[PDB]
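To start, the structure itself, in structure tokens.
Letters A, B, ... mirror the listed sequences (proteins, then strands); counts begin at 1. Values below: every heavy atom of this structure, side chains too, minus hydrogens, waters and symmetry copies.
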Amino acid sequence: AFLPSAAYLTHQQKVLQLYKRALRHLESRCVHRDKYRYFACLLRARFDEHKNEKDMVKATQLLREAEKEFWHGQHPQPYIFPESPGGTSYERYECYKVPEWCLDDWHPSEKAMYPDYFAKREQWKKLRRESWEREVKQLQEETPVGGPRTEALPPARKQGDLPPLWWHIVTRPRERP
Amino acid sequence: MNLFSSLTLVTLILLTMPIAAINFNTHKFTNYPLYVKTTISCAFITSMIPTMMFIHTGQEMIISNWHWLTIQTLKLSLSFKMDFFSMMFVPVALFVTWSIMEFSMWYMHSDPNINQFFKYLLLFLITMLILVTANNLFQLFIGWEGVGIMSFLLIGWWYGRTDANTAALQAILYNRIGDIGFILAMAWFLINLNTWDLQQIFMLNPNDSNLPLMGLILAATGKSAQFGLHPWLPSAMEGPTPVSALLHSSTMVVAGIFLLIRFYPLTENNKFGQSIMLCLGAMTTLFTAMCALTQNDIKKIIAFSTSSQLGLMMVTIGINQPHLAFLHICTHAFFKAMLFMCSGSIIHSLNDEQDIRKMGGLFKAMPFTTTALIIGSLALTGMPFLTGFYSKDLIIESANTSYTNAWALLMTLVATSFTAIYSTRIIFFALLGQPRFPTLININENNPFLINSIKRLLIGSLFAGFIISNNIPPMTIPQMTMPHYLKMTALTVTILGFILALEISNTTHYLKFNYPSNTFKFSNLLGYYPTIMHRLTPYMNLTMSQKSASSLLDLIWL
Amino acid sequence: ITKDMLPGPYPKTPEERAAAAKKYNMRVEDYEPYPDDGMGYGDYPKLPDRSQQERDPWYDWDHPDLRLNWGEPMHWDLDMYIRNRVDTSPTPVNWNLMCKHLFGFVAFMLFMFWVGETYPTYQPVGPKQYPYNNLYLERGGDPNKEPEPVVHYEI
Amino acid sequence: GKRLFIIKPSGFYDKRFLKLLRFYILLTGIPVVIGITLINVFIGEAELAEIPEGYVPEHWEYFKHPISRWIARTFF
Amino acid sequence: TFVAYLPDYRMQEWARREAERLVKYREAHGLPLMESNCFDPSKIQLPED
Amino acid sequence: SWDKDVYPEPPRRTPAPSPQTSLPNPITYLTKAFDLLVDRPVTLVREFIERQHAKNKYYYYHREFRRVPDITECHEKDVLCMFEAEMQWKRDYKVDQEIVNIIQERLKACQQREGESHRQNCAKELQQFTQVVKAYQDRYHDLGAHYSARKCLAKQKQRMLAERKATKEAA
Amino acid sequence: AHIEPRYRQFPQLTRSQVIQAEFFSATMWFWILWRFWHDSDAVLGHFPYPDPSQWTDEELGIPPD
Amino acid sequence: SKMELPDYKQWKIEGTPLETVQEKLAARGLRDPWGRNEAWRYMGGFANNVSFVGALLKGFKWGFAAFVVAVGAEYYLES
Amino acid sequence: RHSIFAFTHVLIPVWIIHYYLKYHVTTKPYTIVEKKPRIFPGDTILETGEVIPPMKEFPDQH
Amino acid sequence: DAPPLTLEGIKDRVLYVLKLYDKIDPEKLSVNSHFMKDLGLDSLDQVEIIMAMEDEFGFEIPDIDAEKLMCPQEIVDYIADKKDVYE
Amino acid sequence: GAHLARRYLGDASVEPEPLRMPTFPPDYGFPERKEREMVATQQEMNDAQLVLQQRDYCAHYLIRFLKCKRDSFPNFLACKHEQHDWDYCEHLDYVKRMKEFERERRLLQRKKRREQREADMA
Amino acid sequence: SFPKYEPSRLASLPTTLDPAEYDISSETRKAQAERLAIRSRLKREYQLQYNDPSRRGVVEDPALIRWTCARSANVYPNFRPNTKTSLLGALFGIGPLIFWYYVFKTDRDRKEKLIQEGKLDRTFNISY
Ligand SMILES: CCCCCCCCCCCCCCCCCC(=O)OC[C@H](COP(=O)([O-])OCC(O)COP(=O)([O-])OC[C@@H](COC(=O)CCCCCCCCCCCCCCCCC)OC(=O)CCCCCCCCCCCCCCCCC)OC(=O)CCCCCCCCCCCCCCCCC
Ligand SMILES: CCCCCCCCCCCCCCCCCC(=O)OC[C@H](COP(=O)([O-])OCC[N+](C)(C)C)OC(=O)CCCCCCCCCCCCCCCCC
Ligand SMILES: CCCCCCCCCCCCCCCCCC(=O)OC[C@H](COP(=O)(O)OCCN)OC(=O)CCCCCCCCCCCCCCCCC
Ligand SMILES: *C(=O)CCCCCCCCCCCCC
């Protein structure tokens with residue numbers, strides 16, 4: 001459907017995701033824990049009844065009317081985790097997630113308030129800038145003709161090098177600033 | 001005399017002094033939230049003296065102290081009306097706000113913008129006491145738009161979150177649709193009565209006052225979340241908990257009800273306005289209480305609770321009983337602020353968990369929170385001789401015994417039962433039973449800020465109805481003669497609601513899985529009203545705002 | 001930016017369609033324009049009108065709030081289908097079924113308030129009786145004229 | 001212990017602007033307020049009086065406050 | 001400071017105080033507070049018919 | 001103060017303090033505390049300021065406009081005289097506006113001061129307000145934003161034609 | 001010393017919060033029973049509601065003709 | 001810095017509603033694998049929670065006691 | 001310096017507002033208009049010295 | 001409020017959940033025990049284990065990551081990534 | 001509440017309509033019926049600033065109660081009997097309204113049985 | 001059997017209940033792989049400029065520039081006046097103007113006729 005690595009969903013992935021969404025919407029339907037745990041083993045039995053189905057077209061049809069079953073029996077407001085998308089605390093602290101380059105725009109009177117921090121940030125940036133051209137020339141010889149096929153990136157191969165396209169993943173803001 | 005007006009103005013100037021303090025800052029503060037809480041405590045103490053010397057003699061006055069403008073026949077002066085409504089609302093609002101800020105010094109302690117939060121909350125308090133003390137329509141429009149904009153700024157407090165900005169713009173939209181009717185009322189009074197002052201409106205006493213009262217009913221619809229312009233009050237739970245506690249339960253959302261209580265000599269001589277208020281209030285108190293039966297977010301459930309109580313306030317205005325409605329405002333503030341504070345104490349204890357389906361077992365884990373939540377729910381439902389008994393039951397004791405729309409009365413009683421249903425639903429899923437929250441227990445409430453802040457509103461929710469209703473003078477005649485099946489109406493309907501919802505709650509322990517009914521899908525998706533109109537009315541605007549407005553006409557043809 | 005990445009007129013030949021689909025950075029099979037009725041869309045791709053709320057939230061986005069990538073040809077009404085605005089997401093209840101339930105509920109409540117206004121409930125009492133000629137001087141009667149006598153009697 | 005650094009933008013230039021704003025407002029705000037206070041206390045508010053017989057007042061003598069009399073005399 | 005101490009910008013205050021004269025002149029002499037005609041109806045010649 | 005005829009205040013009737021219960025009210029103690037802590041220092045500072053007012057006594061005057069000829073006895077298109085007539089008419093327009101504002105202040109203060117008996121006890125102020133609003137409407141309504149003495153004279157002449165025709169059709 | 005977070009078990013309670021919660025629950029039921037013992041008419045009824053049919057035709061003035 | 005976790009050998013689902021759940025699952029040939037994970041919700045200090053009529057009547061015993069004390073105090077004071 | 005809050009935030013503003021209302025607001029007409037106090041049968045008027053007579057004797061009901 | 005997570009704490013809690021699971025014996029369970037190959041579980045059982053992690057720590061793991069977590073060490077490393085432990 | 005069913009489900013010909021009644025004379029059936037005495041003077045309730053809804057035939061109890069409420073400050077529980085007197089006399093006024101309603105219903109029954117007797121006889 | 005979900009303009013069909021999502025054919029593999037390839041290439045072309053330290057500024061997005069140029073510039077030079085454009089520019093162009101024209105003219109003629117017949121309550125109407 002829409003994924004970074006694969007261009008599709010395998011049938012095994014579709015079965016597992018439908019099982020998970022069915023259990024989550026079921027737990028939304030079935031608030032109490034022993035009651036949900038009873039119906040959860042019942043639903044696990046219903047999913048393991050046709051676990052050993054060899055015919056992929058028949059399993060496709062069974063998965064399709066299982067999606068119809070799940071859509072007919074879904075909860076209108078299922079339990080979303082608070083920091084899950086659709087939750088009450090979701091993306092709440094994104095107004096506190098200042099990007100790191102703004103530290104470069106500080107005045108030197110407040111840069112001198114934290115001397116060890118910026119004295120270490122200088123060699124962090126030094127590390128980034130002497131890693132950049134090596135990881136660019138790493139990516140230019142491994143990428144096939146026509147660009148990269150999948151969005152996944154190779155790791156650091158040599159010893160001493162850093163993995164390519166790493167600075168915004170490493171220096172990302174904390175989830176609770 | 002010289003004491004009353006002086007301390008009246010001292011209260012408002014004292015509320016404005018920390019705004020000058022936070023604007024004239026150079027240092028980092030020696031606990032500016034404690035400074036604002038101390039200031040609002042002392043402003044409460046200051047406003048107590050004019051209230052006591054009003055209860056002594058009935059002393060009302062007007063302070064038209066500063067001449068501001070004269071548009072040829074309209075002398076707009078800075079004019080403060082100290083009547084019964086201001087003398088009962090200002091100490092209640094300052095007391096509730098003082099408890100909300102001692103709550104917020106615990107709840108909002110992790111926020112690095114805590115000084116901006118207390119600044120915005122004080123700005124809201126200033127605009128609200130501008131609203132409830134204004135003597136002309138213009139200063140009331142100042143306070144009206146002020147509480148609308150501080151509602152925007154306190155819904156969108158976590159401004160990075162898309163849903164908070166969406167709910168804040170939604171609330172601004174519905175409030176400005178109410179402002180259409182408020183400006184309609186100002187336009188009618190300026191053209192036909194040559195005034196925005198309340199005194200000349202009341203002294204001229206017009207007879208063809210259907211159109212300004214329709215404007216005021218549309219204003220109260222936009223402001224008090226009546227039906228048609230309601231869903232922003234459930235959407236506005238995306239802001240922080242003391243925001244929803246102070247503003248959107250007890251203080252801001254009563255301002256449309258306060259606008260209609262303020263204009264009672266026009267409504268008491270217009271039966272059509274009374275009938276429209278009765279029908280709209282009964283529709284809202286049915287619909288929001290029905291939507292509250294099948295929700296799982298606790299802030300949503302208590303917001304539907306406060307909107308159903310606002311619909312009941314609109315009902316008891318619509319039976320020409322405005323002073324009972326205002327007694328219900330002053331009563332409702334205590335236990336509804338306390339219910340939001342206890343719900344948010346559960347939320348902060350359970351690590352930002354708001355969904356009631358992952359709560360439970362909190363009767364002995366959070367004992368003080370459980371005690372105060374039960375007391376707030378019982379004051380909401382109409383337990384005998386709590387604070388919510390001293391107004392709401394009397395509302396039913398005047399809703400039965402009056403020349404009333406019969407279906408509005410029957411929907412009022414269905415709402416009275418539904419209040420008991422969602423109250424014991426909150427107590428069932430959140431306090432009773434066995435735990436459903438995750439495994440790392442960080443449950444704690446032993447801060448004197450939280451405990452004292454819930455404690456003072458607990459003293460309010462126990463004693464304040466008795467104290468106020470024995471300190472207010474009669475302004476109507478209380479209808480006290482009725483048959484015994486009619487006197488025992490509200491209590492029996494409330495207990496029937498408790499019994500029906502206890503049977504509903506004990507059908508959930510059974511090991512059965514039923515398919516969802518159409519009533520459950522209707523009430524859970526909010527009467528289908530925020531699902532359709534929030535999609536359709538923007539769509540039909542914005543395509544029309546692009547295809548024909550921008551592209552076709554104003555880039556090609558014209 | 002330069003000209004050969006800017007929009008142009010409606011694609012008529014298939015090679016102009018291929019040049020545009022290379023320009024708009026998408027497949028030629030997915031690339032469909034708005035129909036050339038003269039409404040001025042030009043060669044912009046007719047995206048299938050999906051709101052950005054519908055997208056994968058857990059996907060690593062370039063624009064996380066927009067749920068949008070770099071170089072992706074945006075929707076024409078992308079300002080309209082942001083998550084602060086118009087949504088097209090699937091709902092648990094059908095669209096027409098929602099419209100029918102809402103219209104039936106609202107119109108039936110309006111009709112029941114009209115029925116209750118047609119038939120009002122009251123108390124088995126007479127009218128409220130006030131002294132002094134139905135309080136004539138209190139209700140704004142002039143002191144020179146004298147009204148009819150409004151006299152109430154014991155019972 | 002384990003104190004964490006909070007990345008934030010530079011609050012130096014905004015606070016510098018607000019300090020300079022308050023300073024350059026108060027620089028002539030405080031002398032003007034002290035001078036208006038000294039005029040209202042010592043020079044004081046004039047008194048309404050009937051126009052005498054034969055005395056034609058100046059145009060600035062028709063106004064109450066001394067700063068209004070100064071403006072109506074000097075500039076207007 | 002200049003705008004706050006403008007010498008009766010467009011003679012509003014005078015016009016109140018003048019009104020406080022004229023009402024006092026015509027409350028005491030029994031006159032109506034304002035005539036329905038701005039000018040004297042004796043010095044006006046209407047078109048005859 | 002002001003003039004008690006143009007701003008009338010009926011004689012105040014306060015009741016005597018009649019203490020029935022033995023519990024002492026807070027209001028007398030707070031009144032004595034306000035009289036000591038607040039009224040006295042403010043009054044002393046005001047006496048200092050008033051002594052400084054007495055150390056330089058100087059006066060201002062109410063400007064008088066002698067009546068110039070009005071628009072009726074000015075020639076047509078003679079701007080030297082009808083300018084004077086227009087200035088006179090505009091000063092009278094603003095003064096009539098402030099007369100209406102004085103009657104409105106009377107009506108609003110009567111309504112608040114009478115409280116709940118405002119409909120019974122403010123019939124005379126409401127009657128004066130109805131008369132002055134009828135007069136101001138007959139004199140200055142519907143002129144437009146480019147109002148002048150000519151517009152007001154033409155409205156007066158149309159009203160006088162209507163009153164003369166109404167007098168004629170009654171006989 | 002604060003309340004320690006605990007895992008899969010009942011959290012630590014203070015004596016003070018429990019005695020305050022029991023104290024305000026006792027305050028609620030005390031005030032309810034107190035005002036129910038003294039008023040007893042705001043819930044039940046202040047005055048007798050008379051039966052209209054039990055009134056005689058002489059005090060209401062119904063001459064039988 | 002260490003939070004000392006309790007034993008995983010004490011969370012046994014006998015005497016719980018998970019006992020009933022495992023019995024009704026084994027009645028049709030099913031077995032419950034996450035029961036001991038759920039076992040902490042139903043034992044210990046969270047076991048034996050009050051009903052709704054018992055949550056309402058918190059403090060009613062001492063409240064009725066102090067009520068009878070105050071009624072006796074006013075009845076022995078009025079004479 | 002233990003109760004400087006009640007001096008800076010209350011007492012000096014009560015001084016300012018009392019000076020404002022006593023010498024600038026009430027010295028102007030109809031700015032502070034007050035509802036006249038509620039007169040009952042049996043009251044004594046302080047401005048006059050006149051005792052209001054009581055009501056009529058009650059046709060008692062109980 | 002909001003206690004800090006440690007790799008000792010995340011490790012001990014994930015192993016504490018998996019030792020309360022009736023298809024994993026508590027004596028063969030290690031920190032590198034693969035679910036399909038070493039403990040002999042199903043992909044259905046693996047989805048139930050990731051959902052038990054979601055029940056344990058109070059957040060959600062998406063499915064593109066839930067389809068690949070195949071040891072307790074990957075679970076501890078993923079929660080270390082999504083919670084920023086050992087500051 | 002049964003009279004609502006008598007007027008809606010039954011006939012409105014015999015049930016007295018709420019808006020305009022009495023439709024019968026006050027002396028019809030009453031030999032020498034006396035008026036309703038007002039105890040508080042018009043000027044006395046004028047000075048007491050009572051609400052126009054509250055200036056009914058028993059406002060003198062309300063004047064005594066409000067004088068007690070003013071004079072008993074701050075002891076706001078010291079005038080329960082004056083409120084009881086006012087509430088009891090308002091109750092009696094409501095009873096008199098019920099008596100007027102039952103009078104009107106029984107005279108409409110008299111008219112109904114009169115025309116039925118006339119249709120049976122003549 | 002079950003109620004089939006009805007798609008709408010504002011209620012789209014889900015990904016799970018669409019049948020063409022369950023295509024297994026190799027041409028769908030080719031289309032999905034080419035979409036993944038274009039998306040991966042554009043992702044790489046973005047985050048080589050994004051993660052570059054030597055760049056300090058705005059990674060310009062020509063799809064965004066192209067979107068704004070379509071929403072502003074391309075409106076007139078691809079216009080053709082035909083039946084559809086002229087009728088839709090006459091419906092929403094001079095329609096509601098005529099509507100509010102006749103509504104406000106009707107109400108003002110009514111109000112003027114009531115004023116010159118002494119009917120409209122213009123008693124306290126002296127501000128205008
Ligand atoms: C203060 C400094 C602050 C810092 C400096 C910087 C300030 C900002 C820079 C501004 C620059 C200039 C800008 C242009 C403005 C120019 C001034 C001007 O036009 O003034 C206009 C206006 C007209 O004054 P005027 O024409 O000069 O004189 C009028 C008289 O005819 C003639 O006057 P008068 O003779 O009648 O009065 C003379 C007056 C002097 O005149 C003045 O003060 C006027 C000049 C002040 C202007 C200030 C404007 C600046 C902004 C002020 C507001 C914000 C301040 C900061 C924030 C505060 C908290 C919010 O004398 C006194 O003040 C002395 C009496 C003091 C009483 C208090 C103490 C009494 C007890 C003492 C006990 C101890 C001693 C005992 C022993 C004694 C022994 C002898 O003056 C004012 O408005 C003054 C300000 C105070 C007004 C009342 C405040 C309270 C009102 C409350 C109710 C209404 C609001 C309700 C709100 C509700 C909630 C939302
Ligand atoms: C710490 C701060 C306080 C100051 C400390 C230092 C000074 C000590 C205290 C004494 C102060 C000086 C003496 C008292 C002040 C002067 C009194 C006086 O007569 O002043 C002249 C006048 C009084 O008005 P007036 O009636 O005399 O004249 C009005 C002017 N004409 C006639 C031309 C229209 O001005 C003031 O008093 C100004 C202060 C007003 C206070 C409120 C301001 C609110 C601003 C809101 C803006 C928007 C309004 C919108 C709403 C409008 C209504 C709907
Ligand atoms: C007492 C009398 C009562 C009378 C009742 C009848 C009259 C009133 C009728 C109802 C009018 C209001 C309802 C219709 C508009 C509502 C728009 C709105 O609130 O949109 C909210 C929407 C987001 O909502 P939601 O889906 O909840 O978002 C959270 C998750 N996405 O947000 C968005 O989608 C953002 C959209 C931004 C642009 C909005 C475009 C539409 C503007 C509508 C203006 C309406 C003006 C009405 C004027 C009436 C004059 C008489
Ligand atoms: C006649 O029935 C008079 C009473 C008022 C109208 C009917 C109200 C019916 C509902 C209230 C009583 C409900 C008792 C359970």
Side-chain angles (χ1 to χ4, degrees), chain B residues 83-86 88-90 92-93 96 127-129 131-134 140-141 143-144 147-148 151 171 174-175 178-179 181-182 185 198 213-230 232-233 236 246-268 273-274 276-285 287-289 303-337 380 388 391-392 394-395 398-399 408 412 415 468 475:
Chain B
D83 57 349
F84 172 72
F85 295 153
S86 298
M88 297 301 109
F89 187 77
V90 172
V92 172
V96 169
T127 56
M128 190 66 205
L129 299 186
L131 189 153
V132 300
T133 57
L140 202 150
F141 186 67
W144 188 267
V147 301
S151 180
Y174 287 107
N175 285 124
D179 295 333
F182 191 83
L198 289 167
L213 287 178
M214 288 302 108
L216 292 178
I217 288 163
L218 181 58
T221 309
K223 185 60 68 180
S224 292
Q226 301 296 318
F227 183 74
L229 301 178
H230 63 278
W232 64 273
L233 182 56
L246 182 62
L247 282 74
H248 294 164
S249 72
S250 64
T251 305
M252 180 186 173
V253 294
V254 300
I257 301 299
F258 186 79
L259 182 63
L260 287 178
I261 292 169
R262 175 64 74 188
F263 284 92
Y264 72 96
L266 275 74
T267 64
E268 70 179 1
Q274 297 177 359
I276 296 301
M277 287 184 287
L278 185 60
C279 293
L280 181 65
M283 182 63 200
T284 302
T285 194
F287 181 75
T288 61
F304 281 112
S305 175
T306 190
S307 63
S308 179
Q309 295 295 318
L310 290 166
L312 184 61
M313 291 172 187
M314 186 67 75
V315 165
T316 178
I317 299 168
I319 62 171
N320 198 1
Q321 296 292 321
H323 292 86
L324 296 173
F326 182 67
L327 179 59
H328 187 72
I329 293 172
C330 294
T331 289
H332 180 267
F334 290 99
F335 57 87
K336 192 56 65 73
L380 179 67
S391 64
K392 180 178 185 292
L394 286 178
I395 291 171
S398 180
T412 300
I468 291 169
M475 298 301 290

List the steps, then state whether side chain to side chain contact (heavy atoms under 4.5 Å, CB included) holds for B/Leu380 with B/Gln309.
-> CA-CA 9 Å; B/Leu380 179 67; B/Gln309 295 295 318; 3.6 Å; yes
Has [X] got a side-chain atom pairing as donor or acceptor with [Y]'s backbone, closer than 3.5 angstrom?
| X | Y | answer |
| --- | --- | --- |
| B/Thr285 | B/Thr412 | no |
| B/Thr288 | B/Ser308 | yes |
| B/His230 | B/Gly228 | yes |
| B/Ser224 | B/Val253 | yes |
| B/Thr331 | B/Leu327 | yes |
| B/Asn175 | B/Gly178 | no |

How far does [atom1] of [X] sit from [atom2] of [Y], to the nearest 0.5 angstrom?
| X | Y | atom1 | atom2 | value |
| --- | --- | --- | --- | --- |
| B/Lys336 | B/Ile329 | NZ | CD1 | 13.0 Å |
| B/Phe89 | B/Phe84 | CZ | CZ | 13.0 Å |
| B/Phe335 | B/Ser305 | CZ | OG | 7.5 Å |
| B/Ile319 | B/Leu278 | CD1 | CG | 7.5 Å |
| B/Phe258 | B/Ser86 | CZ | OG | 5.5 Å |
| B/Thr133 | B/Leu140 | OG1 | CG | 8.5 Å |

Is any side-chain heavy atom of [X] closer than 4.5 Å to a side-chain heavy atom of [Y]?
| X | Y | value |
| --- | --- | --- |
| B/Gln321 | B/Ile395 | no |
| B/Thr316 | B/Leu394 | no |
| B/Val92 | B/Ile468 | yes |
| B/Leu260 | B/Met277 | yes |
| B/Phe263 | B/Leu198 | yes |

Scan side-chain atoms only and decide if B/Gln226 and B/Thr284 contain a donor-acceptor pair under the 3.5 Å cut-off.
-> yes
Give me the ring orientation class for B/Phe85 and B/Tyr264: parallel if the planes are under 30° apart, tilted from 30 to 60°, perpendicular past 60°.
-> perpendicular
Should B/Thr306 and B/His248 be marked as a side chain to side chain contact (heavy atoms under 4.5 Å, CB included) after you check the CA-CA gap, both sets of side-chain angles, and the distance that decides it?
-> CA-CA 8 Å; B/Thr306 190; B/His248 294 164; over 6 Å; no
Could you walk me through whether B/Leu310 and B/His332 pass the side chain to side chain contact (heavy atoms under 4.5 Å, CB included) check?
-> CA-CA 9 Å; B/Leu310 290 166; B/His332 180 267; 6.0 Å; no
Search all heavy atoms of [X] against all heavy atoms of [Y] and return the closest pair with its distance.
| X | Y | result |
| --- | --- | --- |
| B/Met252 | B/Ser151 | SD-CB, 3.5 Å |
| B/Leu216 | B/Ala185 | CD2-CB, 3.8 Å |
| B/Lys223 | B/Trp232 | O-CZ2, 3.2 Å |

Pair B/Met214-B/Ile276, side chain to side chain contact (heavy atoms under 4.5 Å, CB included): steps then yes or no | CA-CA 8 Å; B/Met214 288 302 108; B/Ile276 296 301; 3.9 Å; yes
Candidate list B/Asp83, B/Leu131, B/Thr267, B/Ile257, test side chain to side chain contact (heavy atoms under 4.5 Å, CB included), partner B/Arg262, passing option | B/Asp83
